[PDB]
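For the single chain, residues carry numbers from 1 onward in sequence order. All heavy atoms count here, side chains included; hydrogens, waters and symmetry mates do not.
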Amino acid sequence: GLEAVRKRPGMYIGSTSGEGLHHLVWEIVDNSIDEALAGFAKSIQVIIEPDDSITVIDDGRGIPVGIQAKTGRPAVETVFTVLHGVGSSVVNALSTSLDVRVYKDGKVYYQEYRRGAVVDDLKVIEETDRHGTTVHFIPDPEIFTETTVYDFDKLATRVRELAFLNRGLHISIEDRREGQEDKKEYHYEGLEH
Ligand SMILES: CCc1[nH]c2nc(Sc3cncnc3)nc(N3C[C@@H]4[C@@H](N)[C@@H]4C3)c2c1Cl
């Protein structure tokens, strides 16, 4: 299964260089984009955390959390643990750690993985008034041996292009790294313009 992705990352992400490192972001962001396209997500945040980890926050419906009969597992777990808008499990496999929070029906559902492997069963950790999905991942330096350092300008350029191609979407990019903190927010107007 996912062990194949860890051993042949080149076949899954094209490159283990800086290009592959950035590709991980789009593999998550694309799913938030799909949920905006579905009509439910209005805003997406992409955050470069102070340790070069990545958080992606949307206000869509939230990844389905129900047990599926075919697997016996919550749908969200399968998303991240089974090889398949299908790259979520690839990002998981190539990260030292990934955590997902699903905000749905007044509850926050949480699960974490370590180099692709489940830590514990999906758990309600909190109550909430919001809806959406937050994915945070730390790219694996065993995989990304050239660089694990993100390029804010490169991410921002694409985020801007995505805002344009998905006219109406609010999407931001934030850098929380030491001595270079920055945030750019993009929104191209629809018929209200
Ligand atoms: C934060 C990134 C994100 N946001 C999402 N919102 C949603 S909301 C949703 C709710 N109900 C049905 N489909 C999507 N789903 C997701 N997935 C479900 C399945 C897509 N092929 C993978 C990832 C994601 C993902 Cl991954």
Provide the closest heavy-atom pair for [X] versus [Y] in the form atom of the first, atom of the second, distance.
X    : Y    : value
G10  : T16  : N-CG2, 4.4 Å
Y150 : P139 : OH-CG, 3.4 Å
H22  : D151 : NE2-N, 3.0 Å
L169 : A36  : CD1-CB, 3.9 Å
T133 : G62  : OG1-CA, 3.2 Å
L24  : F137 : CB-CE1, 3.8 Å

For the pair [X] and [Y], find out whether any cationic side-chain nitrogen is under 4.0 Å from an anionic carboxylate oxygen.
X    : Y    : value
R176 : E181 : no
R177 : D52  : yes
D140 : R6   : yes

Can you measure from [atom1] ([X]) to [atom2] ([Y]) and round to the nearest 0.5 angstrom?
X    : Y    : atom1 : atom2 : value
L122 : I67  : CG    : CD1   : 8.0 Å
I138 : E49  : CD1   : CD    : 9.5 Å
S32  : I171 : OG    : CD1   : 8.0 Å
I28  : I44  : CD1   : CD1   : 12.0 Å
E146 : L21  : CD    : CG    : 10.0 Å
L162 : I33  : CG    : CD1   : 5.0 Å

Query raised in the report: Given the rule in the side chain to side chain contact (heavy atoms under 4.5 Å, CB included) test, do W26 and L155 qualify, once you have shown the distances and angles that lead to the verdict?
Result: CA-CA 9 Å; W26 314 127; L155 292 176; 3.6 Å; yes

Please answer whether the main-chain N or O of [Y] pairs with a side-chain N or O of [X] as donor and acceptor at a distance below 3.5 Å.
X    : Y    : answer
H131 : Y103 : no
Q111 : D120 : yes
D59  : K42  : yes
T148 : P141 : no
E35  : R61  : yes

Report task. For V5 and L83, run side chain to side chain contact (heavy atoms under 4.5 Å, CB included): C-alpha distance rounded to whole Å, both residues' side-chain angles, the deciding distance at 0.1 Å, then the answer. Result -> CA-CA 9 Å; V5 183; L83 194 42; 3.9 Å; yes

Query raised in the report: Under 3.5 Å, is there a donor-acceptor pair linking the side chains of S43 and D58?
Result: no

Query raised in the report: Would you say the side chains of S97 and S95 form a donor-acceptor pair under 3.5 Å?
Result: no

Query raised in the report: Is there a side chain to side chain contact (heavy atoms under 4.5 Å, CB included) between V91 and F80 once you walk through the steps?
Result: CA-CA 8 Å; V91 179; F80 292 102; over 6 Å; no

Report summary line: Quick note, salt bridge (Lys or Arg N to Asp or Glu O under 4.0 Å) partners involving residues 75-104, not counting sequence neighbours, are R73-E77, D99-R101

Requested in this report: Take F152 and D182, measure what side chain to side chain contact (heavy atoms under 4.5 Å, CB included) needs, and give me the verdict at the end.
Outcome: CA-CA 9 Å; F152 175 83; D182 202 355; 3.7 Å; yes

Requested in this report: State whether the number of non-hydrogen atoms from other residues, nucleotides or ligands found under 6.0 Å of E178 atom CD is greater than 12.
Outcome: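 12 or below, so no.
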
Query raised in the report: Would you find more than 12 non-hydrogen atoms of other residues, nucleotides or ligands less than 6.0 Å from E19 atom CD?
Result: no

Query raised in the report: Which residue pairs satisfy the ring-ring contact (aromatic ring centres under 6.0 Å, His included) criterion with at least one member in residues 164-190, sequence neighbours excluded?
Result: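 Qualifying pairs, neighbours excluded: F164-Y188, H170-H187.
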
Query raised in the report: Heavy-atom distance under 4.5 Å between the side chains of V100 and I63, does that happen here?
Result: yes

**Report entry** Non-hydrogen side-chain atoms of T96 and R114 separated by less than 4.5 Å
**Finding:** no

Report task. Going by the side chain to side chain contact (heavy atoms under 4.5 Å, CB included) test, name the single residue among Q45, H136, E174 that passes it with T55. Result -> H136

Requested in this report: Applying side chain to side chain donor-acceptor pair (under 3.5 Å), run through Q68 and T71 and close with a yes or a no.
Outcome: CA-CA 6 Å; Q68 319 148 102; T71 69; 2.8 Å; yes

